[PDB]
Asks: 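Sharing a structure here in structure tokens format.
Chain A is the first sequence line, chain B the second, and so forth, proteins listed ahead of strands; every chain is numbered from 1. Start at 1 and go down the list; that is how both ligands and their atoms are numbered.
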Amino acid sequence: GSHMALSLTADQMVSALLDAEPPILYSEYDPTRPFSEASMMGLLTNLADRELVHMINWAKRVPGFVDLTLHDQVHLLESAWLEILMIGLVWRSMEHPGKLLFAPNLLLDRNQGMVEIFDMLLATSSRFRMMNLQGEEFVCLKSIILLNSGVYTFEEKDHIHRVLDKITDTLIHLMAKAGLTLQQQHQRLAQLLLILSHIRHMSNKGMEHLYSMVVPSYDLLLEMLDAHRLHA
Amino acid sequence: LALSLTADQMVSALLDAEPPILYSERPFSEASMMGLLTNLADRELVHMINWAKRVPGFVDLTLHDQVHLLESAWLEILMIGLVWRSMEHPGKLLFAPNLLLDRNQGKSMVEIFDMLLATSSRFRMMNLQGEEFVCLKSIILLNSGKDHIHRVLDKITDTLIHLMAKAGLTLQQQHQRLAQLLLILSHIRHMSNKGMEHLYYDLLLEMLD
Ligand SMILES: CC/C(=C(\c1ccccc1)c1ccc(/C=C/C(=O)O)cc1)c1ccccc1
Ligand SMILES: CC/C(=C(\c1ccccc1)c1ccc(/C=C/C(=O)O)cc1)c1ccccc1
């Protein structure tokens, strides 16, 4: 059978998101690769390209996402894809202070690293470490980025907002079970959502660089989302 | 000092700090609109610096941090004001009572314009209240660019929740609304960044010092 998004309990929501999680990918094994700007950027581009395929699979499993039209799915992914890659990056890097774990075989320190955003990404990773962000909260945040980033760059909008309310209910439940008071729940929720505005900022600066050097477009993402129908 | 204030006095303080609605200087053009917008922005910025000094907790920061926050937040603060003023004018942006521009006038930017209109429509649909708006504007200033800032942000969160509880929202409705409001700040950020991209201390430092 199929659960509709708005019917899910907090436990069913977490289970759906944990199950949908993509794998941690490795960087290309290429030891003799040269050190240049275009070289490192190439490693990152190749990694991002492969993550994007898993990202589509993940997006299709975020409750409510397939309730939208293909056109609306593409708009949301086009808005969110870099923010999603970045929150993934910051999550992976939490146990490596001062470094970004692009992949288990591509752990970069500050001197190796992108001029403005590296320190921003490190700052974000530190803040999640401080707050002791849990995996269950992380998957909720990532789903929020997907549903929210493109909603006001666009009944059907109402549905997205009701799904977002469901994810918020799920976050609150996790925080209540963790032993936070009503007031602490509200403060921690607020802190997390303000960090999302920083991730948006980082994505914007990231995109500016990418457009000045093509980059994932409406048309690529439309093809990839549609191509999902043909997978195993 | 902010940490000692009640939720009601926070609200009162923020409402008292609010800056005035300014006027723009017959039909328009490109540079006519842009010069009018720049002149208005310049004048709004002076009032914004005076507003920030009255946001409880802001003047306790170092002058270096005050400058950094205002440099980071100024376009977001001008946009959230604009969107707030435009709430009751579907499909138009109320830059000033004498400067109300529809979508097609936006072409005289129309990327940014449509994004602003979408924000205004969202606030309308949510029935954003004045007491909530001033809390959001303060969050924008404090979050733009350090435990003291975090302490005040937690206080503003408490104050938002206090306002919702007083309006009779259930405990569930309280967290849902808080999230709805704070999610809009990601979009205000995005809009500010697109504006800054199109557009590309003395004033700040004089007024703040
Ligand atoms: C934040 C790091 C990063 C990535 C990246 C993030 C997470 C995982 C893998 C890579 C990035 C780099 C290039 C691209 C894609 C370029 C392209 O497709 O032309 C996408 C993302 C990036 C993004 C923009 C500018 C500089 C670096
Ligand atoms: C979104 C409206 C806007 C404003 C503006 C916002 C609120 C109130 C009045 C004007 C804006 C326009 C020009 C400036 C120029 C500043 C400068 O030249 O130093 C600043 C803000 C703008 C901002 C960036 C690009 C195009 C238009």
Asks: Could you tell me which atoms of ligand 1, counted from 1 in the order shown, lie closer than 4.0 angstrom to a heavy atom of A/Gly206?
Replies: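 Here the atoms of ligand 1 in question are 24 (C), 25 (C).
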
Asks: So does A/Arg61 pair up with A/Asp19, basic N to acidic O under 4.0 Å?
Replies: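 Between A/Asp19 and A/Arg61 there is no salt bridge, as every charged N stays at least 4.0 Å from the carboxylate O atoms.
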
Asks: Could you tell me which atoms of ligand 2, counted from 1 in the order shown, lie closer than 4.0 angstrom to a heavy atom of B/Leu116?
Replies: 1 (C)

Asks: Counting from 1, what ligand 1 atoms have a heavy atom of A/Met114 closer than 4.0 Å?
Replies: 27 (C)

Asks: Heavy-atom distances under 4.0 Å are what count here, so tell me which part of B/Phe95 touches ligand 2: side chain, backbone, both or neither.
Replies: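 Answer for B/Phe95: side chain.
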
Asks: One residue to check: A/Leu210. Relative to ligand 1, which of side chain, backbone, both or neither has a non-hydrogen atom less than 4.0 Å away?
Replies: side chain

Asks: I'd like to know whether CD1 of A/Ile24 has more than 12 heavy-atom contacts from other residues, nucleotides or ligands below 6.0 angstrom.
Replies: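 No - once you tally the heavy atoms of other residues, nucleotides and ligands closer than 6.0 Å, there are 12 at most.
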
Asks: Say whether B/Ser186 and A/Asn148, considering side chains only, have a donor N or O and an acceptor N or O under 3.5 Å apart.
Replies: no

Asks: Any atoms of ligand 1 less than 4.0 Å from a non-hydrogen atom of A/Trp81? List them with their elements.
Replies: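 Counting from 1, the qualifying ligand atoms are 20 (C).
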
Asks: Is it the case that B/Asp154 and A/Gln191 place a side-chain donor and acceptor less than 3.5 Å from each other?
Replies: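 A/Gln191 and B/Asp154 do have a side-chain donor-acceptor pair below 3.5 Å.
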
Asks: Under 4.0 Å from ligand 2, counting heavy atoms only, is it the side chain of B/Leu199, its backbone, both or neither?
Replies: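 Side chain only; the backbone of B/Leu199 stays clear of ligand 2.
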
Asks: Take every heavy atom of A/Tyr211, measure it against each atom of ligand 1, and state whether any distance is under 4.0 Å.
Replies: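 No, A/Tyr211 has no heavy atom closer than 4.0 Å to ligand 1.
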
Asks: Have a look at A/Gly88, A/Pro216, A/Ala48, A/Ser27 and point out the one with the heavy atom closest to atom 14 (C) of ligand 1.
Replies: A/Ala48

Asks: Can A/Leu100 be said to touch ligand 1, with heavy atoms closer than 4.0 Å?
Replies: no

Asks: May I ask you to check whether A/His198 and A/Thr124 show a side-chain donor-acceptor distance below 3.5 Å?
Replies: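 Short answer, no.
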
Asks: Between B/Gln105 and B/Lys92, is any side-chain donor less than 3.5 angstrom from a side-chain acceptor?
Replies: no

Asks: For the residue pair A/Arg129 and A/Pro97, what are the closest heavy atoms and their distance?
Replies: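 In terms of heavy atoms, the two residues are closest at NH2-CA, 3.4 Å.
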
Asks: Between the candidates A/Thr45, A/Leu47, A/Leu85, which shows the shortest non-hydrogen contact distance to atom 15 (C) of ligand 1?
Replies: A/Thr45

Asks: Check each heavy atom of B/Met34 against ligand 2 and say whether those closer than 4.0 Å belong to the side chain, the backbone, both or neither.
Replies: side chain

Asks: Between A/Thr168 (side chain only) and B/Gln176 (backbone N and O only), is there a donor and an acceptor less than 3.5 Å apart?
Replies: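 No: the side chain of A/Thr168 does not pair with the backbone of B/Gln176.
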
Asks: Look at A/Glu83 together with A/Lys142 and state whether they make a salt bridge at an N to O cut-off of under 4.0 Å.
Replies: no

Asks: Test of understanding: given a 4.0 Å heavy-atom threshold, classify the contact between B/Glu44 and ligand 2 as side chain, backbone, both, or neither.
Replies: side chain

Asks: Which is closest to atom 23 (C) of ligand 1 by heavy-atom distance: A/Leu44, A/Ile87, A/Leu82?
Replies: A/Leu82

